[PDB]
$ cat data_16.csv   # CSV, C-alpha atoms
chain,number,residue,atom,x,y,z
A,1,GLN,CA,-28.5,29.6,-22.4
A,2,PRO,CA,-25.0,29.5,-20.9
A,3,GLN,CA,-22.2,28.9,-23.3
A,4,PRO,CA,-19.9,25.9,-22.3
A,5,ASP,CA,-16.1,26.0,-22.2
A,6,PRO,CA,-14.3,22.7,-23.2
A,7,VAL,CA,-11.3,23.5,-21.0
A,8,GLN,CA,-13.2,23.1,-17.6
A,9,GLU,CA,-14.9,19.9,-18.6
A,10,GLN,CA,-11.7,18.4,-19.9
A,11,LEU,CA,-9.9,19.4,-16.7
A,12,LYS,CA,-12.6,17.9,-14.6
A,13,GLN,CA,-12.4,14.6,-16.5
A,14,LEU,CA,-8.6,14.7,-16.0
A,15,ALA,CA,-9.1,15.2,-12.2
A,16,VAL,CA,-11.4,12.2,-12.0
A,17,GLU,CA,-8.8,10.1,-13.8
A,18,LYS,CA,-6.1,11.4,-11.4
A,19,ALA,CA,-8.1,10.3,-8.4
A,20,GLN,CA,-8.6,6.8,-9.9
A,21,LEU,CA,-4.9,6.5,-10.7
A,22,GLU,CA,-4.1,7.6,-7.1
A,23,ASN,CA,-6.2,4.7,-5.8
A,24,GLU,CA,-4.4,2.3,-8.1
A,25,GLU,CA,-1.1,3.7,-6.9
A,26,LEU,CA,-2.0,3.0,-3.3
A,27,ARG,CA,-2.9,-0.6,-4.2
A,28,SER,CA,0.5,-1.0,-6.0
A,29,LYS,CA,2.2,0.3,-2.8
A,30,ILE,CA,0.4,-2.2,-0.5
A,31,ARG,CA,1.3,-5.0,-2.9
A,32,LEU,CA,5.0,-4.0,-2.7
A,33,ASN,CA,4.9,-3.8,1.1
A,34,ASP,CA,3.3,-7.3,1.3
A,35,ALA,CA,5.9,-8.8,-1.1
A,36,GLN,CA,8.8,-7.3,0.9
A,37,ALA,CA,7.2,-8.8,4.0
A,38,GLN,CA,7.3,-12.3,2.6
A,39,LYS,CA,10.8,-11.8,1.3
A,40,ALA,CA,12.0,-10.8,4.8
A,41,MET,CA,10.1,-13.8,6.3
A,42,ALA,CA,11.9,-16.2,3.9
A,43,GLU,CA,15.3,-14.8,4.7
A,44,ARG,CA,14.5,-15.2,8.4
A,45,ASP,CA,13.5,-18.9,7.9
A,46,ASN,CA,16.8,-19.5,6.0
A,47,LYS,CA,18.8,-17.9,8.8
A,48,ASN,CA,17.0,-20.0,11.5
A,49,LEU,CA,17.8,-23.2,9.5
A,50,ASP,CA,21.4,-22.1,9.3
A,51,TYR,CA,21.4,-21.6,13.1
A,52,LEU,CA,20.0,-25.1,13.7
A,53,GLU,CA,22.5,-26.7,11.3
A,54,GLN,CA,25.5,-24.8,12.8
A,55,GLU,CA,24.6,-25.5,16.4
B,1,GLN,CA,-36.6,18.7,-6.9
B,2,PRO,CA,-32.8,19.0,-6.8
B,3,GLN,CA,-30.9,18.0,-9.8
B,4,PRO,CA,-28.1,15.5,-8.9
B,5,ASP,CA,-24.6,16.1,-10.2
B,6,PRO,CA,-23.0,12.9,-11.4
B,7,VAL,CA,-19.4,14.1,-11.0
B,8,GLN,CA,-19.8,14.9,-7.3
B,9,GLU,CA,-21.1,11.4,-6.4
B,10,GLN,CA,-18.2,9.8,-8.2
B,11,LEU,CA,-15.8,12.1,-6.4
B,12,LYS,CA,-17.3,11.2,-3.0
B,13,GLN,CA,-17.1,7.5,-3.9
B,14,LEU,CA,-13.4,8.0,-4.8
B,15,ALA,CA,-12.7,9.7,-1.5
B,16,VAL,CA,-14.4,6.9,0.4
B,17,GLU,CA,-12.2,4.4,-1.6
B,18,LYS,CA,-9.0,6.3,-0.7
B,19,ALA,CA,-10.1,6.4,3.0
B,20,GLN,CA,-10.6,2.6,2.8
B,21,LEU,CA,-7.2,2.0,1.1
B,22,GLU,CA,-5.2,4.0,3.6
B,23,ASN,CA,-5.9,1.5,6.3
B,24,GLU,CA,-4.6,-1.4,4.2
B,25,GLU,CA,-1.5,0.7,3.6
B,26,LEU,CA,-1.0,1.0,7.4
B,27,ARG,CA,-1.5,-2.7,8.0
B,28,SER,CA,1.0,-3.6,5.2
B,29,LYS,CA,3.5,-1.3,6.8
B,30,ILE,CA,2.9,-2.9,10.2
B,31,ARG,CA,3.5,-6.4,8.6
B,32,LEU,CA,6.7,-5.2,6.9
B,33,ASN,CA,8.1,-3.7,10.1
B,34,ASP,CA,7.3,-6.9,12.1
B,35,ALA,CA,9.1,-9.0,9.4
B,36,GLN,CA,12.2,-6.8,9.6
B,37,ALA,CA,12.2,-7.1,13.4
B,38,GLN,CA,12.0,-10.9,13.2
B,39,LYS,CA,14.8,-11.0,10.7
B,40,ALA,CA,16.9,-8.9,13.1
B,41,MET,CA,16.2,-11.4,15.9
B,42,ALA,CA,17.3,-14.3,13.8
B,43,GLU,CA,20.5,-12.6,12.8
B,44,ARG,CA,21.3,-11.6,16.4
B,45,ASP,CA,20.8,-15.3,17.5
B,46,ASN,CA,23.1,-16.4,14.7
B,47,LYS,CA,25.8,-13.9,15.8
B,48,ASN,CA,25.4,-15.0,19.5
B,49,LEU,CA,26.0,-18.6,18.4
B,50,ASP,CA,29.0,-17.6,16.4
B,51,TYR,CA,30.4,-15.7,19.5
$ encode --input "data_16.csv" --output "structure tokens"
Amino acid sequence: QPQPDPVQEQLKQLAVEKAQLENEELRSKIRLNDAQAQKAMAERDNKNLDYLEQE
Amino acid sequence: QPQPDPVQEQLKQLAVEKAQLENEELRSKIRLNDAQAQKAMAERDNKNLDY
């Protein structure tokens, strides 16, 4: 019967957690990109209102 | 009969998930770039009015 080694099993578990955390990081990044998109949109709308008022 | 390995199935599912999420990353980048371009257009219109 083969004799197990805790190091490899623990490292494999850590690798799986790392993959999950990478996916969560990608979701956080897409959230940031979207939020900055609406921020820029709001700034544009304010500038257009300023243009209409100043004209 | 082959003996399935649970870790490999989870790894393949995680790889599929990452492949799915990269496309959303690209679409979010496209939206952000379009928003910046539209802000630039608004600012150039304001500057032309000022001139």
$ residues_around --input "data_16.csv" --residues "stretch 37-49 of chain B" --least-positions-apart "4" --cutoff "12 Å" --atoms "all atoms listed in the file" --output "JSON, numbers by chain"
{"A": [37, 38, 39, 40, 41, 42, 43, 44, 45, 46, 47, 48, 49, 50, 51, 52, 53, 54, 55], "B": [30, 31, 32, 33]}
$ atom_distance --input "data_16.csv" --atom1 "atom CA of residue B:26" --atom2 "atom CA of residue A:22"
16.2 Å
$ atom_distance --input "data_16.csv" --atom1 "atom CA of residue B:23" --atom2 "atom CA of residue A:15"
23.2 Å
$ atom_distance --input "data_16.csv" --atom1 "atom CA of residue B:34" --atom2 "atom CA of residue B:22"
18.6 Å
$ residues_around --input "data_16.csv" --residues "residue B:15" --least-positions-apart "6" --cutoff "10 Å" --atoms "all atoms listed in the file" --output "PDB file with C-alpha atoms, keeping the file's coordinate frame"
ATOM      1  CA  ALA A  19      -8.100  10.300  -8.400  1.00  0.00           C
ATOM      2  CA  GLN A  20      -8.600   6.800  -9.900  1.00  0.00           C
ATOM      3  CA  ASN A  23      -6.200   4.700  -5.800  1.00  0.00           C
TER       4      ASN A  23
ATOM      5  CA  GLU B   9     -21.100  11.400  -6.400  1.00  0.00           C
ATOM      6  CA  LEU B  21      -7.200   2.000   1.100  1.00  0.00           C
TER       7      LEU B  21
END
$ residues_near_point --input "data_16.csv" --point "(-3.1, 1.9, 1.7)" --cutoff "12 Å" --atoms "only C-alpha atoms" --output "MDAnalysis selection string"
(chainID A and resid 22:34) or (chainID B and resid 17:30)
$ build_atoms --input "data_16.csv" --residues "stretch 17-40 of chain B" --atoms "N, CA, C and O atoms" --output "short mmCIF file (atom, residue, chain, number, x, y, z; two decimals), in the frame of the given file"
data_model
loop_
_atom_site.label_atom_id
_atom_site.label_comp_id
_atom_site.auth_asym_id
_atom_site.auth_seq_id
_atom_site.Cartn_x
_atom_site.Cartn_y
_atom_site.Cartn_z
N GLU B 17 -13.15 5.47 -1.21
CA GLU B 17 -12.20 4.40 -1.60
C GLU B 17 -10.82 4.70 -1.05
O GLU B 17 -10.15 3.80 -0.53
N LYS B 18 -10.36 5.94 -1.18
CA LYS B 18 -9.00 6.30 -0.70
C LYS B 18 -8.97 6.13 0.84
O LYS B 18 -7.97 5.64 1.39
N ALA B 19 -10.03 6.55 1.54
CA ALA B 19 -10.10 6.40 3.00
C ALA B 19 -10.02 4.90 3.37
O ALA B 19 -9.43 4.54 4.40
N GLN B 20 -10.64 4.04 2.57
CA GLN B 20 -10.60 2.60 2.80
C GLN B 20 -9.16 2.06 2.58
O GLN B 20 -8.68 1.20 3.32
N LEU B 21 -8.49 2.55 1.52
CA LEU B 21 -7.20 2.00 1.10
C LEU B 21 -6.07 2.41 2.08
O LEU B 21 -5.07 1.70 2.23
N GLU B 22 -6.20 3.59 2.70
CA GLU B 22 -5.20 4.00 3.60
C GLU B 22 -4.98 3.03 4.77
O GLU B 22 -3.86 2.82 5.26
N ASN B 23 -6.07 2.41 5.22
CA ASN B 23 -5.90 1.50 6.30
C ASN B 23 -5.17 0.23 5.92
O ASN B 23 -4.37 -0.30 6.70
N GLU B 24 -5.42 -0.28 4.71
CA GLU B 24 -4.60 -1.40 4.20
C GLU B 24 -3.16 -0.99 4.07
O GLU B 24 -2.26 -1.81 4.34
N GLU B 25 -2.90 0.25 3.67
CA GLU B 25 -1.50 0.70 3.60
C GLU B 25 -0.86 0.64 4.99
O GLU B 25 0.27 0.14 5.13
N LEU B 26 -1.57 1.09 6.03
CA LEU B 26 -1.00 1.00 7.40
C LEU B 26 -0.77 -0.40 7.83
O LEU B 26 0.28 -0.70 8.42
N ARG B 27 -1.72 -1.30 7.56
CA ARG B 27 -1.50 -2.70 8.00
C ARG B 27 -0.35 -3.34 7.24
O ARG B 27 0.41 -4.11 7.84
N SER B 28 -0.19 -3.04 5.95
CA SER B 28 1.00 -3.60 5.20
C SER B 28 2.27 -3.07 5.80
O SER B 28 3.24 -3.83 5.93
N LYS B 29 2.31 -1.78 6.17
CA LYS B 29 3.50 -1.30 6.80
C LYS B 29 3.80 -1.95 8.13
O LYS B 29 4.96 -2.25 8.45
N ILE B 30 2.75 -2.23 8.91
CA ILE B 30 2.90 -2.90 10.20
C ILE B 30 3.53 -4.32 9.93
O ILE B 30 4.46 -4.75 10.63
N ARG B 31 3.00 -5.04 8.94
CA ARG B 31 3.50 -6.40 8.60
C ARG B 31 4.99 -6.29 8.22
O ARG B 31 5.81 -7.11 8.67
N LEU B 32 5.34 -5.33 7.37
CA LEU B 32 6.70 -5.20 6.90
C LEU B 32 7.66 -4.94 8.08
O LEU B 32 8.75 -5.54 8.17
N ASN B 33 7.26 -4.04 8.98
CA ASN B 33 8.10 -3.70 10.10
C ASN B 33 8.28 -4.95 11.03
O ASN B 33 9.39 -5.22 11.51
N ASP B 34 7.20 -5.70 11.26
CA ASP B 34 7.30 -6.90 12.10
C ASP B 34 8.27 -7.91 11.43
O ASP B 34 9.08 -8.55 12.12
N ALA B 35 8.19 -8.06 10.11
CA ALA B 35 9.10 -9.00 9.40
C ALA B 35 10.53 -8.59 9.56
O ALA B 35 11.40 -9.44 9.79
N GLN B 36 10.82 -7.29 9.43
CA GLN B 36 12.20 -6.80 9.60
C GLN B 36 12.69 -7.08 11.02
O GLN B 36 13.84 -7.48 11.22
N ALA B 37 11.83 -6.84 12.02
CA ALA B 37 12.20 -7.10 13.40
C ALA B 37 12.55 -8.58 13.61
O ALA B 37 13.53 -8.92 14.29
N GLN B 38 11.74 -9.46 13.04
CA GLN B 38 12.00 -10.90 13.20
C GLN B 38 13.28 -11.31 12.50
O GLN B 38 14.03 -12.16 13.01
N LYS B 39 13.57 -10.73 11.33
CA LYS B 39 14.80 -11.00 10.70
C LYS B 39 16.01 -10.56 11.55
O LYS B 39 17.04 -11.25 11.64
N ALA B 40 15.88 -9.39 12.19
CA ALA B 40 16.90 -8.90 13.10
C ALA B 40 17.14 -9.87 14.26
O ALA B 40 18.28 -10.13 14.67
#
